[PDB]
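Participant: Sequence below, structure please.
(chains A, B, C, D, E, F and G, ligands or ions: 4)
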Amino acid sequence: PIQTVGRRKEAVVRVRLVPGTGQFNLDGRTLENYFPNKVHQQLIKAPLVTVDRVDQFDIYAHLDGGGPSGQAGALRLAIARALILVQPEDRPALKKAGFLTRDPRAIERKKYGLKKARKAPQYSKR
Amino acid sequence: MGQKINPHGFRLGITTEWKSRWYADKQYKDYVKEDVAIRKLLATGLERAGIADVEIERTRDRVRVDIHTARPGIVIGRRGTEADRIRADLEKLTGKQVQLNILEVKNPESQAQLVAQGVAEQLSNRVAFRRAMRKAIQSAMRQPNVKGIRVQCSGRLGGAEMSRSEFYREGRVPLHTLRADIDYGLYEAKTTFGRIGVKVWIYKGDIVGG
Amino acid sequence: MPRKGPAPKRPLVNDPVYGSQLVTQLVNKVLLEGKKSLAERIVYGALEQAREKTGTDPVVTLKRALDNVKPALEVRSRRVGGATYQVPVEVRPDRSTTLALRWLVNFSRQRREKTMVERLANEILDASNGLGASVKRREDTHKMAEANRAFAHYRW
Amino acid sequence: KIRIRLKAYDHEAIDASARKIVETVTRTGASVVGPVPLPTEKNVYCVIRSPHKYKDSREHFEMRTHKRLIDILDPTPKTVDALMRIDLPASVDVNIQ
Amino acid sequence: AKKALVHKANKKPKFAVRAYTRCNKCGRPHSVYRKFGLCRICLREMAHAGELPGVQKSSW
Amino acid sequence: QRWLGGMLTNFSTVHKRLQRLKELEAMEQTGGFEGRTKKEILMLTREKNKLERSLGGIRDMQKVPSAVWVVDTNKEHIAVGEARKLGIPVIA
RNA sequence: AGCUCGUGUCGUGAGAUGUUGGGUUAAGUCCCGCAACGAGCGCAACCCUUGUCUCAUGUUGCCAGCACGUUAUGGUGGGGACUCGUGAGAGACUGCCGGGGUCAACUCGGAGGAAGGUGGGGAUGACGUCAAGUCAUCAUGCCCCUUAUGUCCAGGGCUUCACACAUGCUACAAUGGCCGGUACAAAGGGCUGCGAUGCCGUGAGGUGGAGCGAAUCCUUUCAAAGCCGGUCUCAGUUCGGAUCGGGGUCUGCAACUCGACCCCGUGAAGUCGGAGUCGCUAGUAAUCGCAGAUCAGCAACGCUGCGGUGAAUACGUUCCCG
Ligand SMILES: [Mg+2]
Ligand SMILES: [Mg+2]
Ligand SMILES: [Mg+2]
Ligand SMILES: [Mg+2]
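Facilitator: Numbering: from 1, shown residues only, chains lettered A, B, ... in the order given. Ligands and ions are numbered 1, 2, ... in the order given. Right below this line is the structure:
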């Protein structure tokens, strides 16, 4: 069996792409029970929307860490890597949308003496 | 004078070692108390004798001291008059025995603390601080497996009132470079007018030490 | 970016149920500090109300309203030789669309109606019909630009 | 999740503890786990040194406390005893989550 | 601040009202912060040596 | 290659170097090449090459002419200044 | 990002060169030059965290393939091919091509690539100005007190108040309030501390123990914003919660002056705010909560770290300040 990995800010995911009926069985929860925002559904379908294979291939993912959007991005990256390893001809169809690479944008290290990252304390003139 | 951070205090867990390497639950307080007590007791003696580093370790209810003397013979005189005397003093001041074990250094000019002690003694002996620093730099750069040196004697130099801080350097003394293995020495000299600060830096070599 | 060059446009995918980059930009603008799904539902309800009211394509009506309220000239302020001049400069399509969306969302939040969905629906309807606060502000900006047209010869 | 949310006082100490744990468990011959990447945090220490007007040069000097974790599954009493018999460093203040 | 007074004040005192600091390092009854139970001198000594649990000074 | 901004103000060392190079070039006619240390021969070769590359004016005139044709006065600020301080005649 | 130094060169001398003219960046980083030659404090790198892959090993994590199980959980055997928190190696070095540029540094685009042109973020604070902060961390030259200004004790004060300034929280309402049902994050506080099931409680909580110098235990087999249903009908109100009265709780002998929390009633200002002004360039602002430093007991809405969901702009340096 083929298996890949997807990473995010503070989340990881491992999937095994196999043919069958389109479904997303998460760790104890289903697709609608894990993506209730209705935007993460579209986000994780985008890899399967550029190439119409939503109801053609299965997705049995196992993830850990992060939140809704993080898990959505991790599953998207995992599906992208699986499509890269299975159908190389469809690789550009997924790269054209901004996939196949983990966005370097992540949570940075907060600074000292400040309220948050890149935020100086407010002070009035005198 | 400047806001430069102590290289030893910064690399105490990267390059340099720690003078107190032990652990204890609720007894670290008494451990460091006995440590500073022994330090205060040996201050005058080992300063008149020449001291570089006092590494103290804690064992099962006993102590393990290692003092780095520069001039052996003053502290180690007659067997039963000076060494055993200080040992008994430490033992009766603390609540345990003391198996004192002295370790001799390889070169007094290579240790920063010893160079600072020597230059401070020279300054207190009513000599030219400039010439003293120059001769100390020469001794520490006479190929003692070194590559750079920087000596500074701040405070009321020459018994004056202005806080003159003569910045004297020789060779390569980088402070921002981590792979330096630079030894540092901080000393406080006491004169008839006030206090004086002595800051020394000895860049031995570019050894990784990983 | 600032003083370095332009920025790369985000290759955002078209909306799945509407397929309109303008609609997605309006959603991203009306988004309230993380209320993604809430803003999506609000815009969907507003478009559904506009459809029930008019009887045509919501995306086409929104595009028509945006094209009608698009400001073709925005005034500025530049000091040339120790004297402030409000010279009007040619605006770009992206900047004009962003300003139009900003004015639209502002006047929709300012409108006093029952719900935000109804507010946005009525704002879009007024912008499409040509009688709304957005159209009034567009006309005011056009009048200001025509009045300040006297000083436009630099193009620096 | 499990194993673990702990904290240590020295990076050297904690990495040596992890190494010796791995060594003793491998010598018992049981097993190992799959490490995963996770960074450390910056502890909360911004204490003053004097109650006087020291409000310039005031804030802090970070106390570096690096922490590492090692997950485990499928318990076995033999491994339990081999891991709970003794702790060589004893300075890593482990806390159960 | 001697051994006798330290031992008399650390354990159950005669009257409960006697609940002062009574540091263990120097022994002084007052001038010590119960935040750490140590007199400022040794407190800062350990802070600079890197032994007290989490105390430091200027870096900003 | 390199214009020396001292040929007309500090001609002492310039003339010394010129005489040394002339003596070396005249001795080269003898044939004393292998009768010298290798490092010294290499240092010689290098200095002679640098000279021959940076010297094309002092080997022909030797008569302090009264005319100069300069170019790129923007970067040759020292050259134009020296020309103006040693004589008004300058063609830039 | 500048500060400099040894020699040399010119001036009687203070001093001039090195640091003056260009290409380019963050650099006084490089080179062409340049009576200068080299070096130091500088910058970068060396160090830390994250991004891809590989090896030594498959732990009270995962369970894919096999099975044993009943729901409050991979709970129990067997499984490396799966995210390599311990060590190392590979991968960014303008590596190659083109337009270039003085065919010298250096700029843009392209191929592979996770990052392409110090990858994203920090540690890293030079000579020195503010006669900068500290003699209450400590030492400290000099003066002063000593039956005192040393020390303890009981009470009070630092928490007072007809006002002003500074920083944060609550909000001012429908992207809302209340009730019922629901999913993932990292970070641990624990030995005289954490403390799950139960008894009874509107609720702090009275009973208490399986379990802990470290995954059997709370902080849940992890929260809020987030999703579904009902209701309020857009108002000084089911928004907001303060003062105040009645019924109590956690600590310690002692809580109006002397913390916090719960139940009932009481229901004030606040309708997004003028003159002025602050912070923010991508995981940033915004918004939400979690945890900790010390305490037997908290003024903690503060200070530090954490991540959930996560936007619009970037003509340009004419212009306010450095
Ligand atoms: Mg002279
Ligand atoms: Mg100069
Ligand atoms: Mg003053
Ligand atoms: Mg109203």
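
Participant: which stretches of chain E form strands?
Facilitator: E:32-33, E:38-39 (DSSP state E).

Participant: Pick the most deeply packed of those strands.
Facilitator: Mean neighbour count, computed with mean count of other C-beta atoms under 10 Å in any protein chain shown, is highest for strand E:38-39 among the strands of chain E, reaching a mean of 22. Heads up, the C-betas are built off the backbone N, CA and C, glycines and all.

Participant: got the domain boundaries for chain B?
Facilitator: B:17-106, B:107-209 (CATH domains of a matching chain).

Participant: Of those, which is nearest residue D:3?
Facilitator: Closest to residue D:3 of the domains of chain B is domain B:17-106 (C-beta to C-beta; 23.7 Å).

Participant: what's the span of the closest one from first residue to last?
Facilitator: 18 Å (C-alpha to C-alpha, to the nearest Å).

Participant: returning to that earlier point: let's have the domains of chain B in a markdown table, adding distance to chain E and mean neighbour count.
Facilitator: Shown next, in a markdown table, are the domains of chain B (distance: least, C-beta to the nearest C-beta, whole Å; neighbours: other C-beta atoms under 10 Å in any protein chain shown):
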| stretch | distance to chain E | mean neighbour count |
| --- | --- | --- |
| domain B:17-106 | 5 | 15 |
| domain B:107-209 | 11 | 17 |
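
Participant: Looking at those domains, spot the one closest to chain A.
Facilitator: domain B:107-209 (18.9 Å; C-beta to the nearest C-beta).

Participant: Is RNA strand G within reach of that closest one?
Facilitator: Yes: judged by C-beta under 7 Å from any atom of the strand, domain B:107-209 and RNA strand G are in contact via B:165, B:167, B:169, B:172-179, B:188, B:192-195.

Participant: Enumerate the residues of chain C near chain D.
Facilitator: For chain C, no residues are found near chain D under the criterion C-beta under 8 Å from any C-beta of the partner chain.

Participant: Walking through chain C, point out its strands one by one.
Facilitator: Going by DSSP E, chain C shows strands at C:74-75, C:78-79, C:84-85, C:88-89.

Participant: neighbours around residue F:67, how many?
Facilitator: 8 (other C-beta atoms under 10 Å in any protein chain shown).

Participant: Pull the contacting residues for the residue nearest the centre of chain A.
Facilitator: Geometric centre of chain A, nearest residue: residue A:73, 1.5 Å, by C-alpha atoms, centre = their mean. When contacts are counted by C-beta atoms under 8 Å, 6 or more residues apart in numbering or on different chains, residue A:73 touches A:6, A:8, A:43, A:103.

Participant: ok, the second one to residue C:3 distance?
Facilitator: Distance, residue A:8 to residue C:3, using C-beta to C-beta, to the nearest Å: 33 Å.

Participant: Just want to know which of those two has more residues nearby.
Facilitator: Between residue A:8 and residue C:3, counted using other C-beta under 10 Å, the more crowded position is residue A:8 (23 against 4).

Participant: For beta bridges, what are the partners of residue F:91?
Facilitator: Beta bridges link residue F:91 to residue F:69 when assigned by DSSP bridges.

Participant: Please identify which helix or strand holds residue F:53.
Facilitator: helix F:38-54 (DSSP states H and E).

Participant: returning to what we had before: three-state assignment of the residue nearest to the centre of chain A?
Facilitator: helix (DSSP: H, G, I helix; E, B strand; the rest coil).

Participant: Backbone dihedrals for the closest residue to residue E:45 other than its chain neighbours, please?
Facilitator: Excluding the flanking residues, the one nearest residue E:45 by C-beta to C-beta, 6 or more residues apart in numbering or on different chains is residue B:36, at 6.2 Å. Here is the backbone geometry of residue B:36 (degrees, to the nearest 10): phi -70, psi -30.

Participant: ditto for residue B:197
Facilitator: Torsion angles, degrees, to the nearest 10, at residue B:197: phi -110, psi 140.
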